[PDB]
Amino acid sequence: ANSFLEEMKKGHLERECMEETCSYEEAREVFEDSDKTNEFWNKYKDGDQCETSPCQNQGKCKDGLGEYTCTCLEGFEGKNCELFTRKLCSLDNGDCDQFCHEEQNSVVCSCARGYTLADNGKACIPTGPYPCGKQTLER
Amino acid sequence: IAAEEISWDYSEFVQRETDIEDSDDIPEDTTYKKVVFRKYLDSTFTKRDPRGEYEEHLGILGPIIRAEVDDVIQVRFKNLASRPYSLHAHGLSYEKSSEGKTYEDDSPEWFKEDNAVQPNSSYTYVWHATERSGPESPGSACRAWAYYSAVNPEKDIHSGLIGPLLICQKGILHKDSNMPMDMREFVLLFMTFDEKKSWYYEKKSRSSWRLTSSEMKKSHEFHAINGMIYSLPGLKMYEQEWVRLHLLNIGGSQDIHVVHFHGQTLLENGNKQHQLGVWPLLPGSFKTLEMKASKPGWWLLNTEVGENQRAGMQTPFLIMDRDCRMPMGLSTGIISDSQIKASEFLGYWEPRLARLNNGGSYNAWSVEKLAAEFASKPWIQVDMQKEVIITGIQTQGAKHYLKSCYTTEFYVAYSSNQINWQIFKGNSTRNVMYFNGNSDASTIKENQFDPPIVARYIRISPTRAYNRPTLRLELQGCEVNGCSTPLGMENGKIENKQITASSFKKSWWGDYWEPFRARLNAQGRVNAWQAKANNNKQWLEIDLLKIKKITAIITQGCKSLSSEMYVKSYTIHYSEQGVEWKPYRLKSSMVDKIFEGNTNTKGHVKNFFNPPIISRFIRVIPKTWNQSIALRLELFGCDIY
Amino acid sequence: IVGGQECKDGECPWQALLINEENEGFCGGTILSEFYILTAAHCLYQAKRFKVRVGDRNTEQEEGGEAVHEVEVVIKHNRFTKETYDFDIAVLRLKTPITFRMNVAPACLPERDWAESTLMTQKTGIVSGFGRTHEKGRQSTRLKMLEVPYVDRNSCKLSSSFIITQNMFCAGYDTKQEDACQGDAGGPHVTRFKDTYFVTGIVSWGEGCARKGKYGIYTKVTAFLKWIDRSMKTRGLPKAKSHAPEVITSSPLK
């Protein structure tokens, strides 16, 4: 309180206790004391309100007050799994760095020679040193 | 998007929104069998979008979608009644996959399937956002569109199945749920709605159907303005605002109006070379242009017509003050929260004793013990029995040794009729389901409001603090007319040449007093004006240069770091362009008014005055007094044109 | 504001300087492969001889053994208007093959499909050239390549008194500063589309070059696919490995 060396110590209470799990040895070495760590541990903090299941599809949460992330069912995407899967690319090149051409509710991007693919298909991983179109970032 | 059949009332002026007369009996039925839209955050029901404070212009119309570049919002629809509904957009060169018009097509059940929605069955449908609606040329940045049904070009626009497609540009966005705002745009849809010309026509009328309603000619076809009649809310802006106004007219093809504002010149953007002044409307296009206000007051909003004013629209828009940051109930001693209502309190400390930095370890708000506080209902009805306008409320905790003790989160509510509690303040423009709060104890925290919220039954409710629920909410309102602004009697704009003192006290073998600092919260020697004599002869003249309209006043008093003196009564002398030291006339009779000075020591005096004080050389002569002459005179005038 | 910045000594190969046997240049070219060099037709017609050297970043000086790409003979073009400018594209028939080095990087061939997706997205572009289109008083010794934006087609027919067709369009700033006749004639206006590089512009002089701050004139090789295809397969396989590859063709470019 009202000290430069004390603001960094109290900053670990709202992070290594609220976002993840708490512990007794967390605020002992940081505070460099023993009188305030014991008082903070005596007050338990239930995390969180996941017993009533705020999300659908019987999803569970984690040890976090407020924010949470559930494993919703497939076919539904978005924040609370609302938007369906993407059907066609057409516009915005389908979020892929090559040709976008729909095949009746089926889009797949792939580079030709001189380039390969990634693990999912977001962008073609460069392989050759200088094929027919690159940029030199050496300088 | 939904479309549940809900009977909407066209003749809404009986609700007494801004109406004056009371003998307005409806011959037929007030409500009409129509359909209203609704916005859902999910694909299923049981989850509606709360209409925020900014979502005002709608009436019978549902929500307004805001989709821009790289931002698409789904529009899942499910029929609830027994008739298949449709939805057709306008603007871009959209294909039949997102069109929805009943004509020739190609796909079996996809190009025209949205026009035939089976009851109790959802359907996958989503529109596409383009870049055509973006107004080119340096000037504007928004241009709205329109969308409605398609099962009938005429039986749908009267069935309450309308909707504007407000689309702006890309480049300027705000943090209001990732929606591009950073302004204060408005949209109005002026189009009459008919009950006899709709799909939900119940074969008969609510009174007569011989010669198109024998009571009134086309009584079912009322000129409903923005879904209602004699309403038009949210027209509460401030002085000099270049806000954008969207004028949309698609159905009214044989109704040409010319908008003319009472004392507001126009300015066209884009070319930056036109002034215009007036601007009519053409059927089809979506005209949009700025407003640029000038003088405050209840300026009438009309279209210079005889059939759509006294029987259509007649709502004057109000312009309130911009710099109305004067003390309301903290620095004064008259206006206080004595009329506070609640149910559950927070501890044992004193209720009203909640001033900023006060002596003692008991300074908060409570009457009954708190026991346990959580997400219950510790509502605090902050009623004022009058009109209110709040743009910012501060929040400060309490401490006396080391503890913080601060409220981390609290939800706000409001009401306008006491019988119902419209708990919807937490979902305003930026807020959706939360609100700011205090952080520490020695640092003052404020909560500024964006929308000009107006009500009468304000309600706040805390949640849980640092093991000690203690709140000290202040009060900060604003004017109603929009002209009562401080001319600088306490800030510094009014120099000493205008407000002059009387005698100057000077000791023989010592120093000398400087009683020319007659302002609010002054330091140094004295704090205001303290004359040498102590009778009913001293004066305190003020030069107002021009004529002003004074309504509110304030007066504290000074001291000498030992004893506190003040004035108990004074008289205001009004004049004109010349000179006339005559007291202010009493409008309730014919005599002069007897004003009262400072009541206690430091509690200010707040009083309203309806009759204007048209003068320039206002003189104040203190009659009675307390110990010695002392007062921090400061008034609130206007700019009478 | 990004001004007239010079080209880098790394990713700037497209600069086949077309000079003469003496110490006097005329225009430049475009590097794409080893059998064709895109450039303007007035570079050779109504001019002088032809001497090409790829990977030559400076005319007065030399960066070692890098500038070597001699040309035997050359032909003209069918749609090339001698008086004005239209489809002003000519192919330089080299005599010695050159491998792919650092200053000599190949590029993929264009196609007709990259005509509706390259002009609406990449609204900018770069103009590589030593500076021989406006050889008046700005002859810089360093290879300059400034950046120029793309403007709507409805503002290109009035930039010059000559009526411009679809093959050439706007490719410069507004009527503010000097954004025309930038670089050498036949200079590549390559626009970095997406993971590749496709040239799509040739700077040429219309009525010469004077007070042309309005807009620029740059071709579009996406429609020039039928000409680069008729002059590559009909000539047959390389006989003596790029002799002529192959200059023995008719004047209207087959």
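Tallying secondary structure elements over chain A gives three helices and zero strands in all. In chain A, the order of α-helices and β-strands from amino to carboxyl end is α-α-α. Expected size for 139 residues packed as a compact globule is a radius of gyration near 14 Å; at 25 Å, chain A overshoots this value by more than 25%. Projected onto the principal axes, the alpha-carbon positions of chain A cover approximately 65 × 50 × 25 Å. Burial status across chain A gives 18% buried among its 139 residues. Within chain A, contacts between residues at least 6 apart in sequence are counted, and of these 19% link residues at least 24 apart. Roughly 10700 Å² of accessible area belongs to chain A as shown, and the carbon and sulfur atoms make up 53% of that amount. Charge separation in chain A, taken as the distance between the mean sites of 16 positive and 28 negative side-chain charges, equals 4 Å.

A few words now on the nonpolar core. Within the largest apolar cluster, 49 residues are counted, with the highest numbers of intra-cluster contacts made by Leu18(C), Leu38(C), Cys43(C), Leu44(C), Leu92(C) and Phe224(C). Those elements that place two or more of their residues in this core are β1 (17-19), β5 (71-74), β6 (90-94), β8 (198-202) and α1 (225-230) of chain C. Residues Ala3(B), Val117(B), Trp127(B) and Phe286(B) belong to the second largest nonpolar core, which totals 46 residues.

At the junction of the two partners, chain B supplies nine residues and chain A supplies six residues. With both sides pooled, the region where chain B packs onto chain A buries about 610 Å², and carbon together with sulfur makes up 56% of that total. On the surface where chain B and chain A come into contact, there are zero salt bridges. Linking chain B with chain A are one residue pair in polar contact, by the criterion used here.

Okay, the state of the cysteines next. Enumeration over the complete set of coordinates arrives at 14 disulfides over all chains. Across a sulfur-sulfur distance of 2.0 Å, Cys324(B) and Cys478(B) are joined as a disulfide pair. One quick way to see it: the torsion about the S-S bond of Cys324(B) and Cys478(B) is about 85°, and its sign makes the bridge right-handed. With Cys324(B) in the loop between β17 (318-320) and β18 (341-342) and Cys478(B) in the loop between β21 (445-461) and β22 (542-543), this residue pair connects regions lying 154 residues apart in the sequence. On the accessibility criterion, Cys324(B) (3% relative accessible area) is buried. Across the disulfide, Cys27(C) is cross-linked to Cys43(C) (sulfur-sulfur distance 2.0 Å). Around the S-S axis, the bridge from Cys27(C) to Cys43(C) shows a dihedral of about 105° and counts as right-handed. Here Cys27(C) is found in strand β2 (residues 25-28), whereas its partner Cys43(C) is found in the loop between β3 (38-39) and β4 (51-53), with 16 residues between them in sequence.

Residue and element names in this part refer to chain C. For the UniProt disulfide linking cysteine 7 and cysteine 12, the S-S separation comes out at 2.0 Å, below the 2.5 Å cut-off, so the bridge is there in this model. Using a relative accessible area of 1% as the deciding quantity, one classes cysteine 7 as buried. Of the residues examined, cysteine 12 reaches a relative accessible area of 2% and is grouped as buried. Between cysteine 27 and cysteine 43, where UniProt annotates a disulfide, the S-S separation is 2.0 Å; being under 2.5 Å, the link is counted as present.

Let us look at the packing of aromatic side chains. A full pass over the atoms with the stated rule returns 31 aromatic pairs over all chains. Residues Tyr123(B) and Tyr125(B) carry aromatic rings whose centres are separated by 6.3 Å and whose planes lie at 25° to one another, so their mutual orientation is stacked. Each member of the pair, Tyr123(B) as well as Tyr125(B), is classed as buried. On the numbers, 6.0 Å between centres and 35° between planes, the contact of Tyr85(C) with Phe162(C) is tilted. Placement of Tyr85(C) in the loop between β5 and β6 and of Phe162(C) in the loop between β6 and β7 (188-191) is noted, with a sequence separation of 77 residues between them. On the basis of relative accessibility, which here comes to 6%, the residue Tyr85(C) falls in the buried class. On the accessibility criterion, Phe162(C) (25% relative accessible area) is partly exposed. In textbook terms, an aromatic cluster arises when at least three aromatic residues are bridged by ring pairs, as seen for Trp110(B), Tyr123(B), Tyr125(B), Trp127(B) and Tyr147(B). Positioned above the aromatic ring of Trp379(B) is the side chain of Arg459(B), whose terminal nitrogen or guanidinium carbon lies 4.2 Å from the ring centre.

Once that is clear, we can look at the interface of chain C and chain A. Contacts between the two partners involve 15 residues from chain C and, on the opposite side, 14 residues from chain A. Taking both partners together, chain C and chain A bury about 1300 Å²; carbon and sulfur atoms supply 52% of that area. Looking at the side of chain C facing chain A, the largest losses of area belong to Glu11(C), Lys194(C) and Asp195(C), adding up to 38% of the total buried there. Where chain C packs against chain A, one counts zero salt bridges. Applying the counting criterion to the chain C and chain A interface returns four residue pairs in polar contact. Partitioned by chemical class, the residues of the side of chain C that touches chain A number six nonpolar, two polar and seven charged.

Contacts between protein chains span two pairs of chains, and they are most numerous for chains A and C. Across the gap from chain B to chain C, with no contact made, the nearest C-alpha atoms are 12 Å apart.

With respect to the helices and strands, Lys196(B) occurs in the loop between β10 (186-189) and β11 (236-238). Classification of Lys196(B) as buried rests on a relative accessible area of 13%.

All names here are of chain A. Annotation check: the disulfide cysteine 50-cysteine 61 recorded in UniProt is satisfied, the sulfur-sulfur distance being 2.0 Å, below 2.5 Å. In this pair, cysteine 50 sits in the segment after α3 (35-42) while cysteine 61 sits in the segment after α3, placing the two residues 11 residues apart along the sequence. In terms of burial, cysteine 50 and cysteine 61 fall into one category: buried.

Residue and element names in this part refer to chain C. Structurally, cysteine 181 can be placed in the loop between β6 and β7. Exposure remark for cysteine 181: the relative accessible area of 4% places this residue in the buried category. Sequence separation between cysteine 181 and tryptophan 205 is 24 residues, and the spatial gap between their C-alpha atoms is 6.5 Å. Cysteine 181 has contacts with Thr133, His134, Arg138, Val203, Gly208 and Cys209, leaving out every residue within four places of it along the chain.

The rules behind these values
- Residues numbered from 1 in each chain as written, not as in the entry; some residues may be left out.
- Chains lettered and ligands numbered in written order.
- Part of a larger assembly, values for the part shown.
- Heavy atoms only, no water.
- Helix = DSSP H or I, 4+ residues; strand = E, 2+ residues; numbered from the N terminus.
- Rg over C-alpha atoms; globule rule 2.2 N^0.38 Å.
- Buried < 20%, exposed > 50% of the residue type's maximum accessible area, 1.4 Å probe, protein only.
- Contact = heavy atoms within 4.5 Å.
- Areas by Shrake-Rupley, 256 points an atom, 1.4 Å probe, with all protein chains shown as cover.
- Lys, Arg positive; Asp, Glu negative; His and termini not counted.
- Charge placed at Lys NZ, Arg CZ, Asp CG, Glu CD.
- Core = buried A, V, L, I, M, F, W, Y, C linked by side-chain atoms within 4.5 Å.
- Buried area = accessible area lost by both parts, 1.4 Å probe.
- Salt bridge = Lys/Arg side-chain N within 4 Å of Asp/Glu carboxyl O.
- Polar contact = N/O pair within 3.5 Å; in protein donor to acceptor, adjacent residues only side chain to side chain.
- Disulfide = S-S within 2.5 Å.
- UniProt positions renumbered as here; feature names shortened; annotations may be inferred.
- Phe/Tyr/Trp six-rings, centres within 6.5 Å; stacked < 30°, edge-to-face > 60°.
- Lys NZ or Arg CZ within 6 Å of the ring centre and 35° of its normal.
- Nonpolar A, V, L, I, M, F, W, Y, C, P; charged D, E, K, R; others polar.

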